[PDB]
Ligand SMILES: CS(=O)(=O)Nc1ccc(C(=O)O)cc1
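As a starting point, one isolated chain is supplied in structure tokens, in the form solved without the ligand.
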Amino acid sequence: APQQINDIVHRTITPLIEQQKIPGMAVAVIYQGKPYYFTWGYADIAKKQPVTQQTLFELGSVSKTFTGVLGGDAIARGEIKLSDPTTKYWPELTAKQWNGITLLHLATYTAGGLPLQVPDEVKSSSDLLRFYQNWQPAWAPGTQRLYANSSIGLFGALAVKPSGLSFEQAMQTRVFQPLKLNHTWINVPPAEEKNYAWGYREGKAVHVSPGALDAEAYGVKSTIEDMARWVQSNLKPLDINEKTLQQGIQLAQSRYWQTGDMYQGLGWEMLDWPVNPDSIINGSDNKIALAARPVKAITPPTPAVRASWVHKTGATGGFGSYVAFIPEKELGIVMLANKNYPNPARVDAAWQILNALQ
């Protein structure tokens, strides 16, 4: 890379890895639209396997950006509308509290207090129906945001129903394949296992556990090269050849709700650029990010603003990811690590890198 990028990235990430005891990390910087890659440490400590540009990391909640874009693509196809009642796609959801809860509410965590986690006990499809039928909202729809896998996870599952495709098949054919993300997986194939890093949680090697709506909410694994391509795609949607995917990307960066200085998209979250760094850094801490907050509707939603800091943090038990980009500046970063280390440290590092390059 140019020495400036090298210097900026190494000066920032070296101390981060040391301070957070991260076993392995991959970073991509997208600069003037071109990617530059950096790798450190171990994908598998026991087998002494280094992180490379081919290493697969669990993205955790960064998966929600793919779910958001896939939903966007289904909207662009005319298959679903965000204004549709949830019950249009799940007629068995007959309980009265669902009246007035739309696909938009599910997608944006504003249905009225759906919980962060789908309960462990929920396995089967019937367990899932029973859970949603019995769930009681704390709030009216479209009044409070509570970040929730059970919310966007259900959005993802319903969004693909008119296609008739499984969620995984729709994601592969409609998003991964057209974008040439050929090393991005909801389920890691046996051929690619040699590249799948272990995550580390309290010193133990772990991978994501199966759970209901896992694919839709936290289940994607990818390499640093494919994630750099994902950023490039989201930086410049209008360069994508497939028309509905182009639009779906745009729709995912539209601003539907505001809380504080953040705006909620489909999967992506956005702030006006230039941002206050304390506001994105402190705001990324789960103490704020996972809290119940009143939202103001953006009526109608503001189409993707290029002068934005667009980002998403993601974690699984053993991994911590972060992606951020600024469309106006052709600038972005992906940070993939095999330890779930605190969000503010990720954002602080990303800001220091992008601020220096901007």
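Numbers for residues come from their place in the sequence shown, where the first is 1. Superpose the two forms; the largest set of C-alphas matching within 1.5 Å is the rigid core. Only residues modelled in both forms are compared.
Of the other structures of this protein that model both sides of residue 81, every one gives it coordinates; not a third omit it. Modelling of residue 287 is missing from a third or more of the other compared entries in which both of its neighbours are modelled.
For the pair 307-315 and 52-60, the mean B factor over Cα atoms is greater in 307-315. The deposited model assigns a higher average Cα B-factor to 282-290 than to the other stretch when 282-290 and 109-117 are compared. Annotation for 124, 232, 187, 83: 124 ranks highest, by Cα B-factor. Residue set 174, 207, 236, 180: peak C-alpha B-factor at 236 (per PDB entry).
Placement of the Cα temperature factor of residue 71 within the chain: lowest third of the modelled residues, per the deposited record. Ranked against the other modelled residues of its chain, the C-alpha B-factor of residue 141 as given in the entry falls in the middle third. Among the modelled residues of its chain, residue 228 has a C-alpha B-factor that falls in the lowest third, as given in the PDB entry.
Among the modelled residues of its chain, residue 260 has a C-alpha B-factor that falls in the highest third according to the deposited record. Split the chain's modelled residues into thirds by C-alpha temperature factor. Residue 320 is in the lowest one.
The following text describes the form solved in complex with the ligand, which does not appear among the structures shown.
For residue 257, a non-hydrogen atom is located within 4.5 Å of the ligand in the bound PDB entry, even though that partner is not displayed. Residue contact with the ligand in the bound PDB entry: residue 147 places a heavy atom within 4.5 Å of it. For the chain shown alone, residue 73 is not a contact residue for the ligand in the bound PDB entry, no non-hydrogen atom being within 4.5 angstroms.
Contact check for residue 300: a non-hydrogen atom falls within 4.5 Å of the ligand in the bound PDB entry.
Contacts to the ligand in the bound PDB entry (heavy atom within 4.5 Å) from stretch 94-116: 104, 105, 116. For the listed set 222, 284, 110, 253, the sole C-alpha moving 2 Å or more between the shown form and the other one on a rigid core superposition is that of 284.
Compared with the form shown, the residue 270-residue 287 C-alpha separation decreases in the bound PDB entry, the change being 3 Å or greater. Compared with the form shown, the residue 288-residue 201 C-alpha separation decreases in the bound PDB entry, the change being 3 Å or greater.
Listed in sequence order, the runs of at least 3 residues with C-alpha movement of 2 Å or more between the shown form and the other one, after fitting the core, amount to a single one: 282-290.
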